[PDB]
Structures are given as structure tokens and as C-alpha cells.
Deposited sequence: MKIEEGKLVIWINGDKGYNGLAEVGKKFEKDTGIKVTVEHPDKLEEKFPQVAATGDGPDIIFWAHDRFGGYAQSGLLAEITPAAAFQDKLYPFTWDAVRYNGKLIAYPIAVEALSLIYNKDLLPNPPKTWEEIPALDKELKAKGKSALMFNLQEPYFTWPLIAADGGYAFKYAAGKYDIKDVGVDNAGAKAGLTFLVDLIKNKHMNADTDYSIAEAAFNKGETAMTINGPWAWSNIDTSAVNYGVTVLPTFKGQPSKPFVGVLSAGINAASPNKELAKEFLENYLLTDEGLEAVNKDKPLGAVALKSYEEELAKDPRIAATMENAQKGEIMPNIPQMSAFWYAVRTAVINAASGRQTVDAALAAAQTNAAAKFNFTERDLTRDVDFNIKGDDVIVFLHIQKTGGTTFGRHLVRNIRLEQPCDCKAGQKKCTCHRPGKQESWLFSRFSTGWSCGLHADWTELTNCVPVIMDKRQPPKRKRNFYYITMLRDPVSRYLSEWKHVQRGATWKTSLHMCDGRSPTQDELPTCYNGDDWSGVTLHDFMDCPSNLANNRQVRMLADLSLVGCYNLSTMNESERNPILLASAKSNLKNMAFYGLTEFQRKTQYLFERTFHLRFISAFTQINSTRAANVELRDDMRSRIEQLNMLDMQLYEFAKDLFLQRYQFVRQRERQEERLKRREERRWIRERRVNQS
């Protein structure tokens, strides 16, 4: 981001040419250039890049995305004088308040309306229920009743919400993120109605924004559902159209989710005062908003003065009627998870590939961020025969507390013949009774015989050969921000693990495949910024990479597939390999780790594990924006760890409960 310039991101359906005109007036008056851009998926890109030092100075989107950005420390708190605040409606400032603080400037209120072609349909239907009859009439005339975007849940939500669907329950002054309303009876009735429209061929599951718009603007369909921004192209096509209240469902109004177009200032912007000037003194004026509105209409604008001027527009009147009947969107971080969940459910139900009930049940789980596991997933019972052919393999991922855990395995297990650890010696002899055979494959027993910090791909391909059986793989995991910081501090004091083989498909990577991040013998002294800056840093997503089958993505050769393909493959593979291990622990839960290891393998430790809170990672003072960048660099690991933590804690609860029941049944004999 350059100082002395402004870069603005706004969505491609908004009046970006008009906004650019406002930017040119600002430049005329100040010599400060303003660049407007409309990148694809800007709302996903922003948290990915703002966290570094790219990204725009100002980001426009509906307010629902901004709580998540604010929680990650990506937005500047905005500081409008009371005089300026009174220029906009309080309704709209509420939309942009997060945890007591204002995090953007409200621009305009948007709600979906029913848009109809007066030359085909001079009185639009008041109910969804009458649409099938109407369509049958229109099809006899070579036309259809209704087409609108079925791919984005924003457009189908009004119907799903009408009879009772909700996102998050509002209770006791906040949104309850555990009380999700996507699979209740009302939600199902709404979605069932839409699925039925499609089954009876009144609508097509494939219809998206473009297809619906093209059909309406060409007079092929009598109605569409869309926002104020859409009116411009309709006027361009010279359709004679009206904008009205959405139809009712089961006698109740359609309830669109209401958005407030909002302008946030990037926390990493060196231009915060200039951004403030532009927004307050150029855009949020009658003239600024008029310039944007003339390009693509904004809806009901937040600035009282200009909102009064346009209030008489019946299109805006209908927009206000639908907005009053709907609900303002929450701005909480969990909104994007809600939307992603509903997006998928609606597509799969609409296609007929999944029933409404199953699809919404899946959305419910996802929106509430829950994990369902089978009994088999929770039950890990290993008749561990040290006398037999069983071998425990400890896959040690760097900085997960593996030195501690590995020392526990060789020093701390009560065995008839425990490991023989001679004083002042690194390794131990962990042999079966009476034999010269090892029961533990690990750094402190066999050594790094399949390579330094051999990962899942290496171990599974090397261990069986180098020991000739039942192999019981185990590992430890750590929250990724802490694990990443720990690795940065260890590298900063000389760690490189440069002798690791990184073997996959029978060879090590080439330098082109895996470039080194440092010149010279090591990366000692590196700052966190420079650590984060190397694209090929093996610290990034280390736990996923080391638990996945790397052959599935072409090993270390990043040209063999795109990131959009490679990433889901890695995550799924790591989840599967982890889940299917005999056991794993979490660094943050030392005692639960001990207990589950003991109950999995039917072993006991001599001395209790202990929790060390005062780690080197814990001592790093971490800005929220920086934490967020570390999360983004480790996003696969963040997902793996969320999964792993939940499974681990569900395993703990399951095993403890069972043990408590057993004790009790025993007492209920005596």
C-alpha cells in the first residue's frame, strides 16, 4: 500500500465508475490519486492480504463481513465527530458497530424486492403459492413466471426465513452462535417450496445471476428477484418494470436479510486520515452519493439529506418495505460460515441430489461449526502386545512438544522391562522381553532412521522395511499460531532441520521444488516478518503437510496442480490419517493426553504429565493483525486443529464417561 495514494475495493455489481468520479474530484481538489478496483472474491481476498501489507486502503462490502474483519484486527476504528454521525441514520451506524466500536462507514441500505415486467404482468402475484399457476399460463405463451439467482443463498434466504428459518438466535443482548435456525420446520417448508418449483419445472436449479438477469432483461420471464444495483441494466434494456413487495409464503412476508453497504478502512493503511476525508467529505455528500447512485443505484442511502431527496422513488419505497419485513444481517464473524453452509445446502437440495431434510441438517452442523463423529471414531482400544509383534511409531512434528512426549515414552512408562536409558546418553534401548527387537520407533529409541522428523509419507513407506506387524502410529498436535511462533523462535536460534530427506514418490525434492528460505548455514536472527515472508517456509501448515499422503498432490512439485485442488486434498488426507491413528495428543492438554494414551494402550505412566504454560510462544506479544496473518499462512493447520481438538475432547469425554459407568456398575454389585 503506497502512502499518499488511495486504493479502493468495491464489488463488481456496484457503481464503481461513479465512485471513480468521486475519486477524480478528490484528486482534483487534493492531488491525491484514488484508484478504484473490483477484484473477484474481494471479500475473501481482503482477510488474506490485509493481514500482510497489500490490500486496499478502503474496502466496500455489506456490513455482514466486517465483524469478522474487525475480530481479526484488520479494520481501523472510525472516529467521526458527533456532527458527522448525526448526518447519517442511527439504524445504519448500528449495522457497523462491533464490540462497542464503529468499524466502518455505512453508505446505503439494500434489500431484495420482487421486480416485474408490466408488459407481461401488470399486477404481480402477492403469494409464492400462486406462482406455479401463473407460470403455467405464461409457458403457454412461450414465457416463464420467475427467474432469479439460485446459486447465492442471499436470494433464496427470504423464502427460507419466511415461515421461521433464522441464522443465529438473538438472545440476551447477543447472537447465540450455537442456536442456528437453518433446519427448523419453517426453514424446511421454505426450501421445500423452492425445491418443488424446480421439480415441477417452474424454475431451473442451474439458474444463476447472469442467466436470470439475461432472461428478465430480454422479456423472457415476467419477474425476477434482485437489489437496487440491478435497476440500471434493466433501464439499459428499456424494460417497463415495477419494483414491489416480495410475495408472501404461508401468509407471512418474505424476510430478506438486509445489508448495509459499508466502507471500512484497512488497519494497515498509512492513509487513514485521507481515507476518512474521502469518505466523510467527498463520498458521503449529496454529490458523492449521486455520482455513485447514477451509475448503479444504492438503494436507501444512509445520509439523511440525500435519502430525503430520493425517498419519493417508488423503487426505493418498495426497497424499504421489503427491508422492514426482513432482518438486518448480524455482523458477527460466524456469518460467513452460516452463508457457506446454506449456499451448499440449497444447491444440493435444489439439484434433487439430497433431500431438503438432509441438506439442511448438514447446513445446521456446518453453520454451528460442529463435528459429528462415530463411536468407532471415538473408540481406540489397542490390545498392545509388547511381547508380540506390535510397534508404536511416534511421528514427531516439530514444535508440538514432542521432546517431552518422546521422553515420556522411553522414561516414564511402567513396564516389566522398561526402556534402558543410560545416564548421559540421548537414546534408550526399548526392547521386548528377552529379545533384541524394538517395540518403539522414535527419535529416542531407534533414532531418526527414516530421516530427521520423518513425516507420515516417509514413515509409512520406510518403517515397515527398516524393521523386517501391527504398527500403531501416534503423534502430538499444537495450536498452529503457537506452534508456528515456536518454530520461528527455534529457527531464529539456529534450527534448520536441513538434513531432513522430505522423501516422497521415492526421491527428495529438487531445489526448484523446495527453495531454501535463507542464505548461508542457517536463518538465525530472522525477524517474524522475514520468517513470514518466505513462500517456501516449511513452517507453513506443517502439521497438515506432515500428516498428509503427499503423493496425492504430486509431492513437493507445486506445478502439478492448482492450490484449489491441492489444499482440500491435503486437509482431507491429514484428517483421515490423524483420525485413523491409534492415538494422538494435544500439547495444551497434557493430562488428558496422558489419560487417553494410558486408556488406549492399557499402560500407565510413572509420573504424571504436567502443563507448562510459560512457553516461548506464549511470551511473544502478538498484535491481532499479526496473529491473523499467521492464521492465514497456516489456514490448513487451523482447520486440522479445530477438527483434532474436537475429536480429542470428544474422545476424552467418551472414555472418561465409560470408565465412570464401569466403576459404578462394579459398586452396584458390592
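Got a list of the deposited-sequence ranges with no coordinates?
Missing C-alpha atoms (numbering from 1) occur across the ranges 1 to 2, 471 to 478, 681 to 692.
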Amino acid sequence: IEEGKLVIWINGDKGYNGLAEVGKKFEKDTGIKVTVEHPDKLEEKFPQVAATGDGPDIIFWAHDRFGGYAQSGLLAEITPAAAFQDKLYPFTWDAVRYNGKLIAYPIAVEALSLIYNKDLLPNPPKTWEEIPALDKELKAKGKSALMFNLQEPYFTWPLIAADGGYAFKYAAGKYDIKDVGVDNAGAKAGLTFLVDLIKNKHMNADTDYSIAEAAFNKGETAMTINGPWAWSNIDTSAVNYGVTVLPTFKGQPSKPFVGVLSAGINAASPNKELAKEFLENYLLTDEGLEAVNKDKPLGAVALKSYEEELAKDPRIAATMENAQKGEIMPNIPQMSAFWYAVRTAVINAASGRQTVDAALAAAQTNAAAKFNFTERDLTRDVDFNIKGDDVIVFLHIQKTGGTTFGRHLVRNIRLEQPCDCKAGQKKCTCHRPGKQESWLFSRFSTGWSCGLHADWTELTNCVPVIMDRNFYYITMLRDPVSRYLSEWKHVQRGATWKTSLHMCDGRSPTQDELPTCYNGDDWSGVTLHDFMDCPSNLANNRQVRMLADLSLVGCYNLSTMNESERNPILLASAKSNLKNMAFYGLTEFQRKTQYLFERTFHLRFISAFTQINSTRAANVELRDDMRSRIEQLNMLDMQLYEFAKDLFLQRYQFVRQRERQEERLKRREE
From here on, numbers count along this sequence of modelled residues.
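Looking at the entry, does 312 to 320 or 146 to 154 show the higher mean C-alpha B-factor?
Stretch with the higher mean C-alpha B-factor: 312 to 320.
May I ask you to compare 288 to 296 and 538 to 546 by their mean CA B factor in the entry and name the higher one?
Stretch with the greater average CA B-factor: 288 to 296.
Per the coordinate record, which of the options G227, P568, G251, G494 holds the highest CA temperature factor?
Out of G227, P568, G251, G494, the record gives the largest C-alpha B-factor to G251.
Sort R65, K28, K645, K45 by C-alpha B-factor from the entry and give me just the highest.
Among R65, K28, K645, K45, the PDB entry lists the largest C-alpha B-factor for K28.
Using the temperature factors of the C-alpha atoms in this entry, rank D505 within its chain: lowest, middle or highest third.
Ranked within chain, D505 CA B lands in the highest tercile.
Taking the chain's C-alpha temperature factors as the reference, tell me which third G406 falls into: lowest, middle or highest.
Bottom third by C-alpha B-factor.
Going by what the PDB entry lists, where does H38 fall on CA B-factor within its chain: lowest, middle or highest third?
For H38, whose C-alpha B-factor we compare with every modelled residue in the chain, the answer is the lowest third.
Would you please rank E621 by its C-alpha temperature factor against the other modelled residues of its chain and give the third it falls in: lowest, middle or highest?
Ranked within chain, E621 CA B lands in the highest tercile.
Taking the C-alpha B-factors as the PDB entry records them, is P90 in the lowest, middle or highest third of its chain?
Tercile = highest for this residue's CA B-factor.
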